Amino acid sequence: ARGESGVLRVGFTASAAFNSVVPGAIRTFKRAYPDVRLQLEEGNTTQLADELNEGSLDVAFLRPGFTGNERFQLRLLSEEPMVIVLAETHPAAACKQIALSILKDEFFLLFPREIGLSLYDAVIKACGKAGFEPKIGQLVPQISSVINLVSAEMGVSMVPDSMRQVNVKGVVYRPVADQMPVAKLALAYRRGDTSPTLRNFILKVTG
């Protein structure tokens, strides 16, 4: 009844895990409710949303903008700037900020939008302000894996700022100039769910 005893199944995407809120919230919750036992699960946004609908999950850190999201309770979490992933050998790496029009001829190492949603749309809109649409070379299933392909000079990419913690050598990270491209995250749970453990986890996330 108090959410200090029981079980909570939290879902997250591999890209969202780099955002400090997901590990910071889980860490904060388990510190306050050590007897509650968490069942952590990784998956893309659509898969976790299907788990929440079927009852296999209780709460999920997912990307907003997925189909059917009007059924759940969505809760926007803080935004993240979108930065450019490029090699230290690239001439644009000498720039503090990179105007995307400079990179309109580079192969962009992106990801399927069904996975990205907000992350993917931020790239297209970011390039659209620079007057071009990105030239896509390869599409990687795991967004963080674009950094390793940038290391292989497969092209450039745009990732959330949190993925700067991925320090592969030969790759640098640069912010976007004259623009604020941003990545969005959301806390999702079932409407009407009065579970105390879920309630305690949301409140540690929120505020």
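Residue numbers run from 1 along the displayed sequence.
Asks: Which has higher Cα B-factors on average according to the PDB entry: 68 to 76 or 96 to 104?
Replies: Averaged over C-alpha atoms, the B-factors run higher in 68 to 76.
Asks: If you average the Cα B factors in the entry, which is higher, 140 to 148 or 23 to 31?
Replies: It is 140 to 148 that shows the higher mean C-alpha B-factor.
Asks: Looking at the C-alpha B-factor values in the deposited entry, which of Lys169, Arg37, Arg174, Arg164 comes out highest?
Replies: Out of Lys169, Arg37, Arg174, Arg164, the record gives the largest C-alpha B-factor to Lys169.
Asks: Grab the CA temperature factor for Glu42 from the record and place it in the lowest, middle or highest third of its chain.
Replies: Ranked within chain, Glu42 CA B lands in the lowest tercile.
Asks: Thinking about Cα B factors across the chain, which third does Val156 belong to?
Replies: Middle third by C-alpha B-factor.
Asks: Consider only the C-alpha atoms of the modelled residues in this chain, order them by B-factor as the entry records it, and name the third containing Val182: lowest, middle or highest.
Replies: Middle third, going by the recorded CA B-factors of the chain.
Asks: Thinking about Cα B factors across the chain, which third does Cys127 belong to?
Replies: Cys127: CA B-factor falls in the lowest third of its chain.
Asks: Among the chain's modelled residues, which third holds the C-alpha B-factor of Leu117?
Replies: Tercile = highest for this residue's CA B-factor.
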